[PDB]
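>>> dropping in the first section of the assembly, placed as in the complex:
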Amino acid sequence: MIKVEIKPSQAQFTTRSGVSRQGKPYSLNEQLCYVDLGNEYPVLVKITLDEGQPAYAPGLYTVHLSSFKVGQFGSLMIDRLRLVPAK
């Protein structure tokens, strides 16, 4: 269904850091990817990885169901784009 591609140039993540107003230090890993939305070319999208999972290796992926949740207004939302290998 959605085609996602991690190029050889996108195999690394970068890390954002900080602290909650409640004192707690956070760390977020982000990686770029290409998502085919059916335009001329794929579009560049930023993924925030889950705690403890590595960067996705280059290759083709599709979107795992756990990426979605029902939002506070009763409509479907993406929580975090969670990927699985293509075949």
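In hand now; what should we look at? Numbering: from 1, shown residues only, chains lettered A, B, ... in the order given.
>>> thought residue A:71 was touching residue A:78?
No: under the criterion of Cβ atoms under 8 Å, residue A:71 makes no contact with residue A:78, lying 9.5 Å away. Where C-beta positions appear, they are placed from N, C-alpha and C, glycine not excepted.
>>> so how far is residue A:30 from the most centrally placed residue in chain A?
What sits nearest the mean C-alpha location of chain A, by Cα atoms, centre = their mean, is residue A:47, with 2.6 Å. The gap separating residue A:47 from residue A:30 is 7 Å, by Cβ to Cβ, to the nearest Å.
>>> which other helices and strands contact the longest strand along chain A?
If you go by DSSP state E, chain A has its longest strand at strand A:25-35. Contacts defined by 3 or more Cβ pairs under 8 Å, 6 or more residues apart in numbering; DSSP states H and E place strand A:25-35 against strand A:4-6, strand A:14-19, strand A:43-48.
>>> go ahead and add chain B:
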Amino acid sequence: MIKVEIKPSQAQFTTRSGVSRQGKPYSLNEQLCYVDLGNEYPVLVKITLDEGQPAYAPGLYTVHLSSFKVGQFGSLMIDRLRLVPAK
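One more piece, chain B, placed on the ones above:
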């Protein structure tokens, strides 16, 4: 990929109305559906239909690509859940 179901009880939409601060009257059609997120049972989700399209008839659907857009923070978002028939 995502399995969406319109039950016989969900074949109708309701209409919300109003006016923009800029003067313009709007009308929004909403319908309910069931989305399998892989829990025990499907979850109830509210759809806002596009201008001029009717209520989806009861049956099985999946999610059309045009439901997604890149949001203002560079991550993928759902714009409006747009459906297509299952086979």
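>>> so, what packs on strand A:25-35 revisited with chain B in the model?
Other elements packing on strand A:25-35 under the criterion 3 or more Cβ pairs under 8 Å, 6 or more residues apart in numbering or on different chains; DSSP states H and E are strand A:4-6, strand A:14-19, strand A:43-48.
>>> hey, which of these is tucked in deepest?
Neighbour counts (mean count of other Cβ atoms under 10 Å in any protein chain shown) averaged over each of these peak at strand A:4-6, with a mean of 19.
>>> partners of that one, with directions?
Applying DSSP bridges to the sheet, strand A:4-6 is found paired with strand A:25-35 (antiparallel), strand A:59-63 (antiparallel).
>>> quick one: residues in contact with that strand.
For strand A:4-6, the surrounding residues in contact (Cβ atoms under 8 Å, 6 or more residues apart in numbering or on different chains) are A:31, A:33-36, A:42, A:45, A:56-63, A:81, A:83.
>>> just the buried ones out of those, please.
A:31, A:33, A:34, A:35, A:42, A:45, A:56, A:61, A:63, A:81, A:83 (16 or more other Cβ atoms under 10 Å in any protein chain shown).
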